[PDB]
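**Student:** In the order they appear, the protein sequences are chains A, B, C, D, E, F and G.
So the first sequence is numbered by the numbering used here: it starts at 895 and just counts up by one.
So the second sequence is numbered by the numbering used here: it starts at 11 and just counts up by one.
So the third sequence is numbered by the numbering used here: it starts at -7 and just counts up by one.
So the fourth sequence is numbered by the numbering used here: it starts at 16 and just counts up by one.
So the fifth sequence is numbered by the numbering used here: it starts at 225 and just counts up by one.
So the sixth sequence is numbered by the numbering used here: it starts at 74 and just counts up by one.
So the seventh sequence is numbered by the numbering used here: it starts at 5 and just counts up by one.
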Amino acid sequence: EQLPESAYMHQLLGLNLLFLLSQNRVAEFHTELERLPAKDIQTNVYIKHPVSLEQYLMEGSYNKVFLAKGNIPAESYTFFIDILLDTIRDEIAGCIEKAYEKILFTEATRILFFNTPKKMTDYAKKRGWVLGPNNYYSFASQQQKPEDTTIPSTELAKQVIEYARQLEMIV
Amino acid sequence: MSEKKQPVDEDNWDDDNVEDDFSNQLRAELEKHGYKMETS
Amino acid sequence: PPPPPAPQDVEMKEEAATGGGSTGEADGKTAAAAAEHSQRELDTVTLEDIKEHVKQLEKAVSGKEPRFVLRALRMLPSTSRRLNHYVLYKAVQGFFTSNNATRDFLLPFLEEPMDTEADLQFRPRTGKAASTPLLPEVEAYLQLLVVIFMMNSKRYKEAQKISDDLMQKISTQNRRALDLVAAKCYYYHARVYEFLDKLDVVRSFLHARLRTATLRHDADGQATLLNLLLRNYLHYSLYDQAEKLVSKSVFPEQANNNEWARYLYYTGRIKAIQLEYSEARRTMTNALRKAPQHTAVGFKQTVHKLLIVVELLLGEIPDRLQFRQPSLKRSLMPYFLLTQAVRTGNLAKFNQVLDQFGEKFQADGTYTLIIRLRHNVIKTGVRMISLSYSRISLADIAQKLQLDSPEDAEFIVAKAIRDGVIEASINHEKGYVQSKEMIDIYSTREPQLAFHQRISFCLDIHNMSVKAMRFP
Amino acid sequence: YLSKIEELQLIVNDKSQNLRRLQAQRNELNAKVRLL
Amino acid sequence: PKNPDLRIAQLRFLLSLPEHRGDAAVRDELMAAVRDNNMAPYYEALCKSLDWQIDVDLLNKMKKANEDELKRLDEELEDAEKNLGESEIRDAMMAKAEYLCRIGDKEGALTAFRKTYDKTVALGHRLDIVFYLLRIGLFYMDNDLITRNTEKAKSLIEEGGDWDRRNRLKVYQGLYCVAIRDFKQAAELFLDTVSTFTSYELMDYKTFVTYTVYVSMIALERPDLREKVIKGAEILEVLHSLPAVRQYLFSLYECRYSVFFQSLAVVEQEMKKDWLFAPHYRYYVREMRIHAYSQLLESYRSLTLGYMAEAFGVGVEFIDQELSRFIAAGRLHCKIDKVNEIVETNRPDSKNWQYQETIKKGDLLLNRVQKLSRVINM
Amino acid sequence: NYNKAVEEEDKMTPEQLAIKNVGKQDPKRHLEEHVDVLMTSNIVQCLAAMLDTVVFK
Amino acid sequence: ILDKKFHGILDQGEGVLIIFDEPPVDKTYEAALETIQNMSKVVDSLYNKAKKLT
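#1: To the nearest angstrom, how far is the alpha carbon of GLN233(C) from that of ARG919(A)?
#2: Is any heavy atom in the ligand GTP found nearer than 6 Å to the beta carbon of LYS394(E)?
#3: Would you mind sorting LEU529(E) into buried or exposed? The rule is 16 or more other CB atoms within 10 Å of its CB.
#4: For a test of the three-state rule: what should DSSP assign to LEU915(A), helix, strand or coil?
#5: Determine, using beta carbons only, whether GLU522(E) and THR582(E) come nearer to each other than 7 Å.
#6: So what does DSSP say about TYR51(G), is it helix, strand or coil?
#7: Can you pull the chain A residues whose beta carbon is under 9 Å from the beta carbon of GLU33(C), in chain order?
#8: On a Cα-Cα basis, can you pick out the residue from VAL490(E), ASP352(E) and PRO572(E) that is closest to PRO28(G)?
#9: Give the range of the alpha helix (DSSP H) segment to which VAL453(E) is assigned.
#10: Closest to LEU112(C) by C-alpha separation, out of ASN92(C), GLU131(C), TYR148(C) and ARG63(C), would be which residue?
#11: For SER240(E), is the classification buried or exposed, using 16 other Cβ atoms within 10 angstroms of its Cβ as the cut-off for buried?
#12: Does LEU198(C) come out as helix, strand or coil in the three-state DSSP assignment?
#13: In whole angstroms, what separates the C-alpha of residue 465(C) from that of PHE403(C)?
#14: Show which residues of chain D have a CB atom less than 7 Å away from the CB atom of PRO464(C).
#15: Could you confirm whether any beta carbon from chain C is found closer than 7 Å to the beta carbon of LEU34(D)?
#16: Taking 8 Å as the cut-off, does the stretch 27 to 43 of chain C touch the stretch 51 to 66 of chain C (at least 3 CB pairs, one atom from each stretch)?
#17: Could you check where the beta strand (DSSP E) with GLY1026(A) kicks off and where it finishes?
#18: Please report the distance separating the alpha-carbon of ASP1(C) from that of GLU271(C).
#19: Does the beta-carbon of residue 509(C) have 16 or more other beta-carbons within 10 angstroms, so that it is buried, or is it exposed?
#20: Contact defined as beta carbons within less than 8 Å: I believe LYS120(C) pairs with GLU7(C). What is the distance between those atoms, to the nearest angstrom?
#21: Anyone know if the C-beta pair for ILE389(C) and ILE370(C) falls short of 7 Å?
#22: Flag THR113(F) as yes if its beta-carbon sits less than 7 Å from any beta-carbon of chain A, otherwise no.
#23: What is the DSSP secondary structure of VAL567(E), counted as helix, strand or coil?
#24: Hey, would you say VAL374(C) sits closer than 7 Å to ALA408(C), going by beta carbons?
#25: Report yes or no: do the stretch 76 to 87 of chain C and the stretch 131 to 143 of chain C share at least 3 C-beta pairs separated by less than 8 Å?
#26: List the whole-angstrom C-beta distance separating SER54(C) from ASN92(C), where the pair is believed to meet the contact cut-off of C-beta under 8 Å.
#27: Using CA atoms only, rank isn't needed, just tell me which of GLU429(C), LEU99(C), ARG74(C) and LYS297(C) is closest to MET325(C).
#28: Return the residues of the stretch 1003 to 1033 of chain A that lie within a Cβ-Cβ distance of less than 9 Å from chain F, sorted by chain order.
#29: Would you give the residue range spanned by the beta strand (DSSP E) that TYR1031(A) belongs to?
#30: Buried or exposed, going by whether 16 or more other CB atoms sit within 10 Å of the CB of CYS271(E)?
#31: Given a cut-off of 7 Å, decide if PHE141(C) and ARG74(C) are closer than it, judged by their beta-carbon atoms.
#32: For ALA460(C), decide whether its Cβ has a neighbour in chain D, counting only Cβ atoms nearer than 7 Å.
#33: Mind pulling the chain D residues with CB within less than 9 Å of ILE377(C)?
#34: Is the distance from the Cβ of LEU473(E) to the Cβ of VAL453(E) below 7 Å?
#35: Excluding the 5 residues preceding and the 5 following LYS408(E) in the sequence, name in chain order all residues of the same chain whose CB lies nearer than 7 Å to its CB.
#36: For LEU588(E), go through chain C and note every residue whose CB falls closer than 7 Å to its CB, in chain order.
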């Protein structure tokens, strides 16, 4: 380990971390927070900016993306922040009406960006979507009408079969 | 049983459990809770 | 010279049981484990860990280890006369002059029970002869003429690995004594190896030592060496938890009943540091209620401070004071105000507890707490207020918790729907939440869904008490 | 030494004789409860 | 011979909480020092009160008079023990030596309590012991005194006991149960009210009337409420000299709430200004408020803050933090809305939690007894 | 209601098992006769809950 | 209602009083409270347990 101090050390961790942040990992983020923790808060903007940036991403701001993109080339993180724009947009494809009433053109313009390409039109013609009259809905019921069968009885009757069966053969 | 890593490692105090269920809540203040009558 | 008779007595009471009795419990015994003197000897090792072991000072220097390691011989039935030698050598400490013959002269003393005669065939006497002298040497780690000798004594214990691996040549189950002693002494291996530096090829020692205990003798070795390996990967950088994710073979009889408890604690710290709330807090809970006793002073306490870090990260925790040792109070001077900062929603205090106690937070060393504890504060806010009111506004809660704008309150409510706590939607014109609580959710067929698990769990424990009733 | 572990390891399975020692003792117990 | 020293409890609390009268304690307690020759009203006022410009000579000449009474005791004890009397001179010295503990510091306690502590022989030689350690444990902030001497009295003095003095022990235990906020037991032990007119231990039986109302307003149920202060009058005479207490209990029986603000503010003024309450008052306010709020919501369901603002005034964002932290304090099962303005009364008892509590006990209890049955193998 | 009214006197036995050290000649066992009745009676009730889902299809 | 002479729910929003009641379920009450007493008795057997162990 006693090597000469690596030149691109600060941003190879950042390349890996921003790639991880692009591919939506859940625990390699924290083994990254464990392998070299002491150089994260004091210094190393290539790491100090992505980790508080992640705090801001799961704080509730996709606009800190652009506040940050004020300055993040950081020797070709440009492809990775393009994949970060992609993980903005497909997480909009998820989180645009998770359990919302309805949005309109202007909330598309706020949460989405690039006012109207054929890409939000592609969303409206790609996810099974009703482009209402300057208006949006997930569906006509948004939940596909949950009753689940209207029979909770006979499956738990089979459960009673193997349940009484396991209470049998034992004392 | 010390066999692990560890060989390096209700006077006013159970009232403090309900009081730390109360510490962010109305210390005494008694005037506020008596002067909320007469502002209307 | 009147106190050293107490080590003179307990020393003979130990190796009487160990040598003669567990050798007779090894000759033909151990149907499952009839070596009850093995657990008796681990009780006496805990007894030598309570007391001074035998000869650390004991008002003299170096009496028993040059004495009793001679002349075992296992022969014609007058070897109780060699025991009489062992007993009547004890005029030297009381009457004669004591002399220093430990930690330097032990190097042929360990070879004396082999160079007397072909003593016997079993390895627990050899593990005795290299453990019962040398475990009284390890707990004096003053790093001057004592730790290089712990080092070499456990190199003789690595020779005990060699004579654990190539003795009885297959299937004599003396591992239910030597792994029982080797759990302890391999923890002391890791202790003395990491009192100086991290251990590097001792990792492969531990790997192959886990390998050799795979199927032929899979009794108390795999889980304990896996605790060693787990705390190895815990103290240093964190790369090989994917090894447990791909090779999860971690299920013995869970024999020592506290080894499994602290094992679940350590892997709860693992899943706490990987990423988990639910499964990690339930195995922390199971290790918490699987605290064996409180017969060991304040050892649950620091480890519990690091245990319920995830419950602090829940946000649904009150003050934790029922655990508090008063000798832990001067160390939880940060931690008491930290759970107070959990109960409070202040932001300047959320960072001023950090600005006040970052050094003890480094003593924790687990800033995964602070990377999500602000998010925990806003989730505490959303759980409280979203359980409180049916149709709240996002502006009320927002500018009650200083959010200053509608759209980040929208992102909060949206990521809370994404995190799934309440139904709460937005009367979309400029925000202004239209929402509801949830009573009349369900209450009758849904309990009896879980009652299958209730009573199937009960009948599992019925049959377990049946298979435990089988033991007498 | 190939198969020469397995029979002695099935002799390690002979707690069946002790759990059934309790069972055969209970056989005797309640059978002579009955006969009594 | 307890009541001026229970006023010393009153007055050490006067030194403790009210700093609005920062020397009224040393005023009437230095008067209580220059009468009865009590020297602890400037021992502990030398410790905890002011820094004493000059009262040295004019009170240490009476410390010499304290020594005069103390040494005529310390000569009466040997010049009287000549007679063949079983613990008689011991009783004559314990009376005036625990009265010296009334006079002086814990030197009086160590030469009195520990002296007539061991060789006790009779009903009075342990009755006076338990009561005269109960005095000083009630005076200071001690707990082992007032509880463990009563545990001794339950061991020693009883053997089944008398009819009165066991109820006096109940009065003392109910006074700890009002010192701590033990709600049910304070009123349960203050139930009787037949044998405590005024002893030498009651400087104010009307303070016993305050102690029974100040816990009966919480713990006592509503059929119990009518059963105590409607079906019976034996407390209602001595609090029909105190009509606003009767008025507050009948308004509690009525549900009118602005007079709850009024008279609960009266009780909370006294709750700051009565001892054995100062580590404990914070729970009281919101507890009585929610004790009314439960039956308030038990009225009906489609309630508001206007029909309740008639009773509350401007209880609009008062009830924001008030009722929301009643919701978040694990209390007050309800649902509440802002502009649709729902209120909810709910919880029928045969629903889920009474079904839940069994495995709530016997999961931790389960694996407890399971690991206790896993110590058995190895 | 049988299976509660006799269960309270069933649980009047472990208080009698608290003999703190030992003060009771032999187990004097009243565990049984309320295992088996509950067992087979609620086997009958659960298979009766089966019976409507059995006869109907 | 608070004196149990009148079992139901009033209203202020829609102005609709509705009387109904069903308190007693001993299937829940007697069973579960006797289980609470059972658990207290098992805690009383926890010292037979803690006595046979140590």
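Virtual Cβ for every residue (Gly too), placed ideally from N, Cα, C.
**Tutor:** Result, derived from the coordinates:
#1: On the third sequence, position 241 is the one that residue 233(C) refers to. On the first sequence, position 25 is the one that residue 919(A) refers to. The straight-line gap from Cα to Cα measures roughly 15 Å.
#2: As presented, the structure is devoid of all ligands, the ligand GTP included, so that no description of it is given.
#3: Numbered from its first residue, the fifth sequence carries residue 529(E) at position 305. By the neighbour-count rule (16 or more Cβ atoms within 10 Å), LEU529(E) is buried.
#4: Here residue 915(A) refers to the residue found at position 21 of the first sequence. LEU915(A) falls in the helix class under three-state DSSP.
#5: Taking the fifth sequence and counting its residues from 1, one reaches residue 522(E) at position 298. Taking the fifth sequence and counting its residues from 1, one reaches residue 582(E) at position 358. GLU522(E) is not a Cβ neighbour of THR582(E), given a cutoff of 7 Å.
#6: Taking the first residue of the seventh sequence as 1, we reach residue 51(G) at position 47. If DSSP states are grouped into helix, strand and coil, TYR51(G) belongs with the helices.
#7: As a first step, residue 33(C) must be located in the third sequence, where it is residue number 41. Within 9 Å Cβ-Cβ: nothing; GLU33(C) doesn't reach chain A, min ~39 Å.
#8: What you label residue 28(G) is simply residue 24 of the seventh sequence in a count that begins at 1. Of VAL490(E), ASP352(E) and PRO572(E), the residue nearest in Cα terms is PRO572(E).
#9: Mapped onto the fifth sequence, residue 453(E) falls at position 229. Counting along the chain, the alpha helix (DSSP H) containing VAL453(E) begins and ends at 446 to 453.
#10: Translated into positions along the third sequence, residue 112(C) becomes position 120. Considering only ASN92(C), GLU131(C), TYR148(C) and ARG63(C), the residue with the shortest C-alpha distance to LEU112(C) is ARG63(C).
#11: Translated into positions along the fifth sequence, residue 240(E) becomes position 16. Exposed, because fewer than 16 other Cβ atoms sit within 10 Å of the Cβ of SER240(E).
#12: By one-based count along the third sequence, residue 198(C) stands at place 206. DSSP places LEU198(C) in helix when its eight states are reduced to three.
#13: Lying outside -7 to 464, the shown extent of chain C, residue 465(C) is not represented and no answer is given.
#14: Counting from 1 along the third sequence, the entry for residue 464(C) is found at position 472. Within chain D, the residues near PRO464(C) are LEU37.
#15: The sequence position of residue 34(D) within the fourth sequence is 19, counting from 1. It does: the Cβ of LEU34(D) has a partner Cβ on chain C nearer than 7 Å.
#16: no
#17: For this step, residue 1026(A) is matched to residue 132 along the first sequence. Note, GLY1026(A): beta strand (DSSP E), 1024 to 1026.
#18: Locating residue 1(C) in the third sequence gives position 9, where the first residue counts as 1. Locating residue 271(C) in the third sequence gives position 279, where the first residue counts as 1. Cα to Cα, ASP1(C) sits roughly 49 Å from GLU271(C).
#19: A query on residue 509(C) cannot be resolved here, the shown segment of chain C reaching from -7 to 464 and no further.
#20: Residue mapping note: residue 120(C) aligns to position 128 of the third sequence, counting from 1. Residue mapping note: residue 7(C) aligns to position 15 of the third sequence, counting from 1. The Cβ separation is near 7 Å, so the contact holds.
#21: The count along the third sequence starts at 1 and reaches residue 389(C) at position 397. The count along the third sequence starts at 1 and reaches residue 370(C) at position 378. No, Cβ-Cβ distance for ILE389(C) and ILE370(C) is not below 7 Å.
#22: Mapped onto the sixth sequence, residue 113(F) falls at position 40. For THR113(F), the answer is no, since every Cβ of chain A falls outside 7 Å of its Cβ.
#23: Residue 567(E) sits at position 343 when you count from the first residue of the fifth sequence. Strand at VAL567(E).
#24: By 1-based counting over the third sequence, the position of residue 374(C) is 382. By 1-based counting over the third sequence, the position of residue 408(C) is 416. Yes, the Cβ-Cβ distance between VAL374(C) and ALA408(C) is below 7 Å.
#25: no
#26: Residue mapping note: residue 54(C) aligns to position 62 of the third sequence, counting from 1. Residue mapping note: residue 92(C) aligns to position 100 of the third sequence, counting from 1. Going by Cβ atoms, the distance from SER54(C) to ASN92(C) rounds to 5 Å, so yes, they are a contact pair.
#27: The residue you call residue 325(C) lines up with position 333 of the third sequence. Residue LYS297(C) is the option with its Cα nearest to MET325(C).
#28: Only those residues of the stretch 1003 to 1033 of chain A whose C-beta falls short of 9 Å from the nearest C-beta of chain F would be listed, and there are none.
#29: Working through the first sequence from its first residue, we reach residue 1031(A) at position 137. Looking at the DSSP string, the run of the beta strand (DSSP E) that includes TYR1031(A) is 1029 to 1031.
#30: As a working note, residue 271(E) is residue 47 in the fifth sequence. Counting Cβ neighbours within 10 Å, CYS271(E) comes out exposed, since fewer than 16 surround it.
#31: As a first step, residue 74(C) must be located in the third sequence, where it is residue number 82. As a first step, residue 141(C) must be located in the third sequence, where it is residue number 149. No, the pair does not count as a contact, with Cβ atoms beyond the cut-off.
#32: Taking the third sequence and counting its residues from 1, the one referred to as residue 460(C) is at position 468. Not an interface residue.
#33: As a working mapping, residue 377(C) is identified with position 385 in the third sequence. Contacts between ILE377(C) and chain D, judged by CB atoms closer than 9 Å, are missing: the closest CB pair is about 58 Å apart.
#34: What you label residue 473(E) is simply residue 249 of the fifth sequence in a count that begins at 1. What you label residue 453(E) is simply residue 229 of the fifth sequence in a count that begins at 1. Contact: yes.
#35: Against the fifth sequence, residue 408(E) aligns to sequence position 184. Closer than 7 Å at the Cβ level, and outside the excluded window around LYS408(E), lie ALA443.
#36: As a first step, residue 588(E) must be located in the fifth sequence, where it is residue number 364. Those are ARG281, listed as they occur along chain C.
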